[PDB]
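Only one chain is given next, in structure tokens, and it is the form deposited in one PDB entry.
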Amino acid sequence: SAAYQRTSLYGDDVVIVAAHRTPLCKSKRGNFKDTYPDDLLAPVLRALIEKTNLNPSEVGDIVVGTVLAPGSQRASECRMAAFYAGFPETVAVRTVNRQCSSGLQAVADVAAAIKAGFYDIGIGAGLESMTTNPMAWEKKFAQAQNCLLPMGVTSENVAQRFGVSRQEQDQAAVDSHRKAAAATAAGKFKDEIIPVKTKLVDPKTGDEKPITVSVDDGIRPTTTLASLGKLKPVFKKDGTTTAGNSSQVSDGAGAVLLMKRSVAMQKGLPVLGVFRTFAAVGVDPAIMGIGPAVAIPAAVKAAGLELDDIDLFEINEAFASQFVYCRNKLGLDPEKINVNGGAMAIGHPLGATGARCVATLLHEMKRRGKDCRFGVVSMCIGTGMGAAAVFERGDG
């Protein structure tokens, strides 16, 4: 149980008409190492618009999950992105008010504002990038560690206290890379991924070669239980968390275009998803990192559903310790979770995780057809909180 809970009930009124993401690239030496943050968010914001033939001035609100950027750089990067995607002055751009989070509430608060009648159309997005445009509108490594070190140490304790073994954690990372490799090789990410045309600087020569990034570069198809069992602990001398069974910061962006069911209908826009419910929960401080394990039952219950009704989960894999705990504690069927791989394989783009997982969930549900009716997206909001979202498959 939780200390408190925010619940948003959206009924049938709030649909998703588009949900997309950039590829995710490892922040340390990945294919976005010479790509600025606004050049990740802008093409995802722009695709929502192009895919729905929507006038950008019709969007009532853009809320962005963004963590790495310090202070005023958060908003300025998003406004840079918004401006360059063609949004006018009159479209307000906001950030998620958290020191550390994974961005899901951005999607939920946009949904809530639509349900409240504040506006008809909104974008819930997310963005992270280790790079800084020298051109600002009108540090970052510290910020990554500041969020992730506490998350890692707490989860290695929760795992240590509930007996989540090194094998169990490593098996999760193996499964993640297996599933991400298989989804990539089957072209299952093609619908959700907006390829990013950019440049890659050859460290040897300094030459900038044009590159179009289309694939998640963090995937390691050769990952085995054997390769991972060789890896050394990252936090404490006899700890079970390694570089292999935890996720690394990746550059990327995600965005979800939400609207009132009746406006999508007058516009002739297929429904990709129906946002049913959102719950954010404050957890017992005695056992932090376990966010999702508390928020999932909360959001499912608010949807008038039982855990067994959920066909697919997207549960963030920031650390296998915490991922395996939350899965095991809830008794979830492992075969319904991160079916196309998780952050251990494709990466952890902090504040973009929420929109990223929304895109993955909805497009897989689309793909799996009518019997894939209900989906949950879940993740932490920093060590003390969980967030979970219930989605119903759109009719298209």
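Sequential numbering from 1, following the sequence displayed. We call the rigid core the largest set of C-alpha positions that still match within 1.5 Å between the two forms.
Unmodelled deposited residues between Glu138 and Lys139: 4 to 9, per the record. Taking the mean C-alpha B-factor of each stretch as recorded, 93-101 and 157-165 are not equal, and the higher mean is that of 157-165. When the two stretches 180-188 and 202-210 are set side by side, the higher mean Cα temperature factor goes to 202-210. Within the group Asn340, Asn31, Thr52, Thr353, the record's highest C-alpha temperature factor is found at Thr52. Residues shown: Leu258, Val281, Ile290, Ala253. Highest C-alpha temperature factor in the entry: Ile290.
Among all modelled residues in this chain, the alpha-carbon of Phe313 has a temperature factor (C-alpha) in the middle third.
In the deposited entry, the Cα temperature factor of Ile123 sits in the bottom third of values across the chain's modelled residues. Annotation for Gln322: CA B-factor lies in the highest third of the chain's modelled residues.
Among all modelled residues in this chain, the alpha-carbon of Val234 has a temperature factor (C-alpha) in the highest third. Sort the modelled residues of the chain by CA B factor and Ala302 lands in the middle third.
Quick note: we don't show the form deposited in another entry, though the next part is all about it.
Rigid core superposed between this form and the one not shown, residues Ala75, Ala144, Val274, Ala183 considered: the one with a C-alpha shift of 2 Å or more is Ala144.
For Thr132, a C-alpha deviation of 2 angstroms or more is recorded between this form and the one not shown after rigid-core alignment. Superposed on the core, the two forms differ at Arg98: its CA moves 2 Å or more between this form and the one not shown.
Comparing the forms between this form and the one not shown, the C-alpha position of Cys380 differs by 2 angstroms or more, with the core used for superposition. One change in the other form concerns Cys147 and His177, whose Cα atoms lie at least 3 Å farther apart than in this form. Wider separation of the C-alpha atoms of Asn146 and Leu350, by 3 angstroms or more, is seen in the other form than in the present form.
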